[PDB]
Amino acid sequence: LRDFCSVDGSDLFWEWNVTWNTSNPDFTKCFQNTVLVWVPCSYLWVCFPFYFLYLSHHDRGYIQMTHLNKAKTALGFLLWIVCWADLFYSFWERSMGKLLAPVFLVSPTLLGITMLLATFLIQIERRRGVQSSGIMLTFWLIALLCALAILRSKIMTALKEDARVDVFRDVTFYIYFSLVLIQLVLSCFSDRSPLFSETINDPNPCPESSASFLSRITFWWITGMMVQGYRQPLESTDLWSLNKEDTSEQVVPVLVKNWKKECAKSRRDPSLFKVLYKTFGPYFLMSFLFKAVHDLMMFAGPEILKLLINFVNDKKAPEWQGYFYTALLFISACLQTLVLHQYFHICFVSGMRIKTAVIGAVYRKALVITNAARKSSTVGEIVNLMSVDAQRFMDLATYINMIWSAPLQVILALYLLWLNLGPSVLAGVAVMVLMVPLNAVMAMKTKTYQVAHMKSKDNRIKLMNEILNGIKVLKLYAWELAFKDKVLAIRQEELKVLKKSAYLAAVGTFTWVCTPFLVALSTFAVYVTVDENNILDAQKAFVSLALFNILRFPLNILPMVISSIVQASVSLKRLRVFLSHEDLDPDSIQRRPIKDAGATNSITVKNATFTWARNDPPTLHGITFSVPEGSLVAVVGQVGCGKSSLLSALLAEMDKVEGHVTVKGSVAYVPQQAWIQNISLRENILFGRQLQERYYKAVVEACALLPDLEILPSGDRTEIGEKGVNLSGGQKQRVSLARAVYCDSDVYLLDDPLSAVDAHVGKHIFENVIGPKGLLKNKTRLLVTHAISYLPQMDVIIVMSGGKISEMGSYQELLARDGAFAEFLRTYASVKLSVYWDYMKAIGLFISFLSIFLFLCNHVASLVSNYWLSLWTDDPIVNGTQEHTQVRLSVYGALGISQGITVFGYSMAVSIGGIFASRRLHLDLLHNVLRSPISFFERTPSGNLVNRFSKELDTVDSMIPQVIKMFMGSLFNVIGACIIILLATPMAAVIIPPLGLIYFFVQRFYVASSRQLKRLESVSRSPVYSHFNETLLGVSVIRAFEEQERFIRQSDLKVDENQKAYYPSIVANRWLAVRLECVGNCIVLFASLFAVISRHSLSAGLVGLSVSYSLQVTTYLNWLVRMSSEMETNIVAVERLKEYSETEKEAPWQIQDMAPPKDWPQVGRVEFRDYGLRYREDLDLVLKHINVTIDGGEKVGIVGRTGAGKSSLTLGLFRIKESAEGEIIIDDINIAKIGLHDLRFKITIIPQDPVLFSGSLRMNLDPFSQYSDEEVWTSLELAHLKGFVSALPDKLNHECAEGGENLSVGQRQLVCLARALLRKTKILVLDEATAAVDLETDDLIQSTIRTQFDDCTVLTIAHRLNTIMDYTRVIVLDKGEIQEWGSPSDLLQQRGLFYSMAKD
Ligand SMILES: *[C@@H]1O[C@H](CO)[C@@H](O)[C@H](O)[C@H]1NC(C)=O
């Protein structure tokens, strides 16, 4: 090996005297001229073949011949030349006689070949569309570093006066060096974008496909957006456009193809795992490569620390080895950071692609499912496939690799702790084996308690929705406090479960914070006690600690990853069982264009049997009927003959068990269950088509849409709201028919459309759109309908029976032949820093001080424990042994035990404070809302209230405490590392200014932009799920109008808009990570460097402490900025839950100082002193000096035309809104001065709402639970329902469904009647109750009045004048002024407005 570098093999290859053990280090000549030349060449060669395979299988176009790349190839040639120059000189010497070894001829040969390959790679790169190449930049970096070694070597060996350095090879090498420097300087630039670029036209293209290699691996291309986020906000129009590789159009087809292939090779169910692997695996193995490199380099720290400590001990060492070590430490750290975050990028991008592909596949699949499939599940479970499952497949990609990484890191760490610390490391492995059962049990019971929390919060959410709906009823009856207490009890159960979770979380924090210390104590005890000879130097500790600090994470993350793989396995089963469903047959109903003149009837069927399942009783049996072109046919039959199925069959919903059908032309469908999208009514109608003003106006004036818009606020542009804000049944039917009539298709399959419309508007719709002279006069129109008042105007009427077509023919023959239809007719027709203070005050100032104190204790104890381990490592060896071992181990264990006790203390304290604050903020939100006037409920949307009670409160309950823990922990770890550093090597304060204040103000831009981006992401995730719901609901329409491509495209566009926000957030995380990890690596470098500058003073255990802490700052800083961002996002929940604490609340409820007597409703007098109310200040009063002093016991009604205000009469009676003017006095009492409940109780009411609540009917009969079953049944019987009451399973405890759906309409009516009876106050009311209940209930109330309510004054608002006919008096009014009073009969005799209505 020496005959190669020297003729006689003289100049050695590695003489430690020259390279390591000297104050002036320098590689030998053999080394310079073999290995320092074979490193870069070897690199380029090892990366050439695979790089070429890549540039073959990945092109970006072709790049014009620019300048930069010209100069690059020119320098490559000059390098080839100035490298073969050495070879020509070498042969000039060989031939000329001197005996020269192989090296002096083989080195320049390889160098020249590799420079030529550098030129060839530049040209291949240019022809493959690569602007900035990572392989070339790295090759030039390696070459330049090796060349800098060789160049220092030559410069030294030349400056001396003794040796006459060769002028020739030295000149050639100076040349090679300048050229490689310029080539590296030119590898960091970019070329001119390729000339075949197709996405250049996009105004906002992702800045990544055009970014340097340096900007990429440092994610520097998001600095623009992160600074923009600070200077001014980020809306959805600054979000870049997705890379083409991340769009749904270039992601979903590949997964769909692979899935079809797997299924085809199946027809052993298809394994979605194999497909996800075959699709997203190529891009996901690079994650394995980067993670492997990161794992192997995470262990350079501990080893370079072992070397550095051996240095600080060896005080005969040359001062430059400590610098070599500080440099290697810095460089390993920085490579680890870049590699790690490239891996994280790959994983997050692969999860993003998986989610896009899955949402797309699910959506495209729902539109082909056979009806049986969609029945085999619910709509909620088919939308979860998007909402829960795909999110799991997404969030898993980022951790899955730990399955194999965590064991590798733990194994390397154990092997190193062994190689360093002997067979004692079993003492730590034993604690680790006992952390796995605990972590497993805890991760189990955490889910066990989360399930209970969710099942108990869904109940509260349901009750809260019911209350926010029946706000009015509850506010009238005075039932506020009862529902308050019910919801509070459900809350208490939730809180108990959450406290259990708090104990579990406390134990978890104990583990995460005290794993390294427990492991270290076990190891050190077993080591210093199993043998006296064992000495605890600064190298066995402070190298073992590092391995512990980098062992905790694997241990504590492995159980979470296991549980998440399990959850994802369940999700994958669900998703596969969906994507495997049987699909409809596209070719069962064979169609034909509108011009193919084969058959002259738009429809023909031959004995076709149909069914909704594979083996059930076919609903339709042997049909045959051919509807000629344009002929209007109308199928009729008793309910359940097979009517509603002929349409669903022609539309290809059912399964053609046997037969043959064909439909010629474009179809149109108007099913019985109308389907209306969440867009503008006009947008619905046009159904995505070029508006043609004339035809739109026509179709709208046809189906009687004009009288419909007149009420809806904005007109046809009226956004129908949250899935049909206000539209009503007949309205929805008309809108659907408008859609069908606009589409203007050949065959119109009308499925009992006009059913929900009255006879009059119905006949209009027929005559205008369906009739023989309507809009569809020249369309082949079917009609499966009930109303027999049109069949004459028809063309053919078909009737069936139990799925068999009874008889067909014209109405003429239909009547003549006296056939079945004869029977059918004859039968049927027969943050400003105060949010945080508020959260702290809700937790309680004491518990806050306690949490801070216990944190401080934990961390002062940890720090002093480590300074103790240091002072222990510095114990002198006296007589081959270490003194003070007993004392030191005792104190170390004591400090650690105290640390653990304090970590448990503060975790439990912060969690118990979380419980206190959850309880308090919830109670206050509840009380404030329940006190808000009804105005606050009409104005503010129910969405806001439901959101505060669900999500804002979930944040205050189960997210803030954890974030507070992680934030405080990261903050104090950073502060502690900094204390240890500044104390070991005090001349490091000169790094804090230049390194924290100015590169820890990266968090300005991060926090700022990350907030906007998280918002944009969560504001854009619901659209996908709403679309998918709205598509599952109306899939028959979408499938019958041939509008499937449009909807697939809209799903893709929504998924892409969501990704356009999800992608910059991930990259912002990588931005922050690289920046703050660079800061942490600078901390590592500076601590190590100031420990080297000052050896002679520092103590050789202090250095280990300092560097060991420097090696954790790196992760702590990043987690700290992330948790600051989270605290800024989550704390706003405390400002949300406090919104309604200053909103105008209603008047006081109880007034004891002016308390009303027990018999407050003594006389039932009705004094009206020109009172006046107006819904709002801006509007006009609706009571115009209303005046009457009604005596008690009376029985009078209140009637008025539209805009009369009797409704207002009520609203003001109970004081739902304060008195706008005037007065309303009773029994010498100005109700405006009485206590809200002090009056509401004694004034009965039968609100015009049969609204029940989720409870045992007894609850409705008595929410307060202040009524006895005796009088309960007394009412029920008296209430004319006691019979079916006893008919209930639980006589008085028959708990009903939500809203009282288990009771009939008249049922709930009688229910209100009994409510009033039980109340049995002095005075009562019945607001338009006769207009929503048969005469039975109205008359039963009248009988209760003449017999049970005779004593009760009565002012009643009803439209059925007869409902007040026999009443004592009567009054009306308009424009806010009382119209006429006194008896009703005298009114009629007066021929007044009452006489008018009577004429009506
Ligand atoms: C290292 O050792 C050899 C003798 O073993 C000696 O000749 C050589 O000069 C030493 N290296 C240096 C730089 O002195």
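Going by Swiss-Prot, the residues shown for chain A are 3-269, 309-871, 957-1526, listed in order.
The way this entry was determined, per its header, is electron microscopy, 3.1 Å.
Using N, Cα and C of the backbone, Cβ positions are placed for all residues, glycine too.
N19 (N-linked glycosylation site) carries a helical DSSP state (H, G or I). Sequence annotations record features per position, and here Swiss-Prot assigns N-linked glycosylation site to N19 (among others) based on sequence analysis.
Taken from Swiss-Prot, the feature transmembrane segment applies to 34-54 (among others), supported by sequence analysis. Below 8 angstroms of C-beta separation, residues 6-7, 105-106, 109, 112-113, 115-116, 119-120, 123, 126, 137, 140-141, 144-145, 148-149, 151-152, 155 of the same chain, each at least six residues beyond the ends of the transmembrane segment (34-54), sit close to that stretch.
The transmembrane segment annotation in Swiss-Prot covers 75-95 (among others) and rests on sequence analysis.
Residues or ranges marked as topological domain 'Extracellular' by Swiss-Prot: 96-100 (among others). Each residue of the topological domain 'Extracellular' (96-100) gets a DSSP state, and the totals for helix, strand and coil are 3 helix, 0 strand, 2 coil.
Per Swiss-Prot, the feature transmembrane segment maps to 101-121 (among others). Sequence-remote contacts of a segment are chain residues at least 6 beyond its ends whose Cβ falls under 8 Å from one of its Cβ atoms, and for the transmembrane segment (101-121) they are 5-9, 32, 35-36, 39-40, 42-43, 46-47, 50, 75, 78-79, 81-82, 85-89, 92-93, 95, 138, 141, 178, 185.
Residues annotated as topological domain 'Extracellular' in Swiss-Prot, with similarity to another entry given as evidence: 155-172 (among others). Only residues 6 or more beyond the boundaries of the topological domain 'Extracellular' (155-172), in the same chain, are considered here, and those with a CB under 8 A from a CB of the stretch are 26, 28-29, 34, 88, 91.
The annotation transmembrane segment is assigned in Swiss-Prot to 173-193 (among others).
Annotation source Swiss-Prot lists transmembrane segment at 317-337 (among others), citing sequence analysis.
As annotated by Swiss-Prot, topological domain 'Extracellular' applies to 338-363 (among others). Distant neighbours of the topological domain 'Extracellular' (338-363): 22-25, 27, 369-370, 373-374, 376-377, 380, 450, 453-454, 457, 461, 579-580, 583-584, 587-588, 591, 1210, 1214, 1217-1218, 1221-1222, 1224, 1226, 1229-1230, 1233-1234, 1237; these residues of the same chain sit at least 6 beyond its ends, with a Cβ under 8 Å from one of its Cβ atoms.
Swiss-Prot lists 364-384 (among others) with the feature transmembrane segment.
Residues or ranges marked as transmembrane segment in Swiss-Prot (evidence: sequence analysis): 465-485 (among others).
The transmembrane segment annotation in Swiss-Prot covers 548-568 (among others). Sequence-remote contacts of a segment are chain residues at least 6 beyond its ends whose Cβ falls under 8 Å from one of its Cβ atoms, and for the transmembrane segment (548-568) they are 458, 462-463, 465-469, 471-473, 476, 479-480, 483, 575, 577, 581-582, 585-586, 589-590, 592-593, 596-597, 984, 988, 991, 1015, 1018-1019, 1022, 1025-1026, 1029-1030, 1033, 1091, 1095.
Under the heading topological domain 'Extracellular', Swiss-Prot lists 569-590 (among others). Across the range of the topological domain 'Extracellular' (569-590), the DSSP-based residue counts are 8 helix, 0 strand, 14 coil.
Residues or ranges marked as transmembrane segment by Swiss-Prot: 591-611 (among others).
Under a cutoff of 8 A between CB atoms, and with a sequence separation of 6+ in the same chain, the neighbours of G683 (ATP 1 binding site) are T660, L661, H662, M841, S842, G843, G844, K845. Annotation note: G683 (ATP 1 binding site) sits in a coil segment as assigned by DSSP. Residues annotated as ATP 1 binding site in Swiss-Prot, with sequence analysis given as evidence: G678, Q679, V680, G681, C682, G683, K684, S685.
Marked as domain 'ABC transmembrane type-1 2' by Swiss-Prot: 974-1255.
Packing against the transmembrane segment (591-611) from elsewhere in the chain are residues 339-340, 342-343, 433-434, 436-437, 440-441, 443-444, 446-448, 450-451, 454, 473, 476-477, 480-481, 483-484, 488, 552-553, 556-557, 560: each is 6 or more residues past its ends and has a CB under 8 Å from a CB in it. Proximity of the recorded positions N19, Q679, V680, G683, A1330 to ligand 1, judged by a Cβ distance under 6 angstroms to any of its atoms, singles out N19 in sequence order.
Missing segment of 85 residues between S871 and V957: the endpoint Cα atoms are separated by 73 Å. DSSP labels the residues of the topological domain 'Extracellular' (988-1024) in these numbers: 26 helix, 2 strand, 9 coil.
Residue counts for the topological domain 'Extracellular' (155-172) by DSSP state, with H, G and I taken as helix and E and B as strand, are 11 helix, 0 strand, 7 coil. Each end of the 39-residue unmodelled stretch has a Cα atom, at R269 and at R309, and these lie 8 Å apart. Between the C-alpha atoms of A1330 (ATP 2 binding site) and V680 (ATP 1 binding site), the distance comes to 44 Å.
Counted over every protein chain shown, other Cβ atoms within 10 Å are most numerous around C682 among the binding-site residues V680, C682, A1330. Of all the binding-site residues listed here (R1327, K1332), it is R1327 whose C-beta has the fewest other C-beta atoms within 10 angstroms. The two recorded residues, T1328 (ATP 2 binding site) and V680 (ATP 1 binding site), show a Cα separation of 40 Å. Most other Cβ atoms within 10 A: among the recorded positions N19, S685, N1005, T1328, that distinction falls to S685. Across the topological domain 'Extracellular' (338-363), the DSSP tally of helix, strand and coil residues reads 17 helix, 0 strand, 9 coil. For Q679 (ATP 1 binding site), the spatially nearest entry among the recorded positions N1005, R1327, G1329, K1332 is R1327, judged by CA separation.
Of all the binding-site residues listed here (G1326, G1331), the one with the fewest other CB atoms within 10 A of its own CB is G1326.
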